[PDB]
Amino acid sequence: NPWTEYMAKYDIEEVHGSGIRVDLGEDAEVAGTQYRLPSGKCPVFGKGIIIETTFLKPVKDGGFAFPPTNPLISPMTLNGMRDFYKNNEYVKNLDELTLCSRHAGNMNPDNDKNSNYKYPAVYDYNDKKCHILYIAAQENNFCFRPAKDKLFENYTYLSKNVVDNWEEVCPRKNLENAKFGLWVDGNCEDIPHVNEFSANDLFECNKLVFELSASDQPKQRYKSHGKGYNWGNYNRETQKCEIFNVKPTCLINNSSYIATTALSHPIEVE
């Protein structure tokens, strides 16, 4: 298969390895008590939390983010973070997403003993700010739910395990004029079975895929480990979001299609 190396980033079960809609793929002990926490290795572009107050406010009059500190480590700009770690060569040059992830993982809630609990974070591309999330909960149907939304399009949900080479091994852009397929005997065949959801544009298709994707918590043993309906073939002409749950192994050239994933940005194409 000539597509092997290229299609590696779309093996979400392998490269991400956790829930996407709701990421709770690991556990960590804080002062004698185990807690669930995000552990996906890829960044989730466009993911935010809808409260039914925005969730990026510091922790009903508060949100999910870290409370004010001295000095202020949350929220912290990209330049603020690079200046903060200017003596650390292993950190200061990290990309904005990994750096935000490592910055959040630098704060230990257990001030008595070193623990494994590392807070998730959201990087806002709009004002280049890293928000450390004090609340790792993602759905409770004080009710809230995870979603991709126009308001969240510049948000990026980051677990503690976001790899520093996500640009190389994780999805971001949607593939224009391309259709996910399965490589069989020297040819890229169509996904034999897909679940068709109607969608007005690419954004709504990406939104639908996210809603159906790998989740580590049932809506309304729980770990998905990356398994789920993570991919979608969007036919822009028929306005169909063709959603499936098996990894694609090749691409098909088709001008009517845009290949998207639950991890991918809801707008960007290449």
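Note that residue numbering begins at 1 and tracks the sequence as displayed.
Checking the other PDB entries with both flanking residues built, is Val209 absent in a third or more? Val209: modelled in all of the comparison entries.
Relative to the other PDB entries of this protein in the set, is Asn70 coordinate-less in at least a third? No, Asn70 has coordinates in all the other entries compared.
Missing from the model but present in the deposited sequence, between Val59 and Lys60: Missing in between: 4 to 9 residues.
Count up the deposited residues without coordinates from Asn141 to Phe142 and drop the result into none, 1 to 3, 4 to 9, or 10 or more. According to the record, 10 or more deposited residues lack coordinates from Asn141 to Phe142.
Take the C-alpha B-factors listed in the entry for 15 to 23 and for 249 to 257, compute each mean, and give the stretch with the larger one. Per the deposited B-factors, the answer is 249 to 257.
Quick one: higher average CA temperature factor, 188 to 196 or 82 to 90? The stretch with the larger average C-alpha B-factor is 82 to 90.
Top Cα B factor in the deposited entry, candidates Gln239, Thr53, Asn233, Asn230: Each of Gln239, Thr53, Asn233, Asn230 was compared by C-alpha B-factor; the highest is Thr53.
Given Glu153, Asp164, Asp124, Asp112, the residue at which the Cα B factor reaches its maximum: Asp112 has the highest C-alpha B-factor of those listed.
Compare the C-alpha B factor of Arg145 with those of the other modelled residues in its chain, then answer lowest, middle or highest third. It belongs to the highest third of the chain when residues are ordered by C-alpha B-factor.
Could you say whether, by C-alpha temperature factor, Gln34 belongs to the lowest, middle or highest third of its chain? It falls in the top third of the chain.
Consider only the C-alpha atoms of the modelled residues in this chain, order them by B-factor as the entry records it, and name the third containing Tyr157: lowest, middle or highest. It falls in the bottom third of the chain.
Comparing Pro71 with the other modelled residues of its chain, is its CA B-factor in the lowest, middle or highest third? Tercile = highest for this residue's CA B-factor.
Could you tell me which third, lowest, middle or highest, the C-alpha B-factor of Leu175 occupies within its chain? Lowest third - that is where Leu175 ends up once the chain's C-alpha B-factors are sorted.
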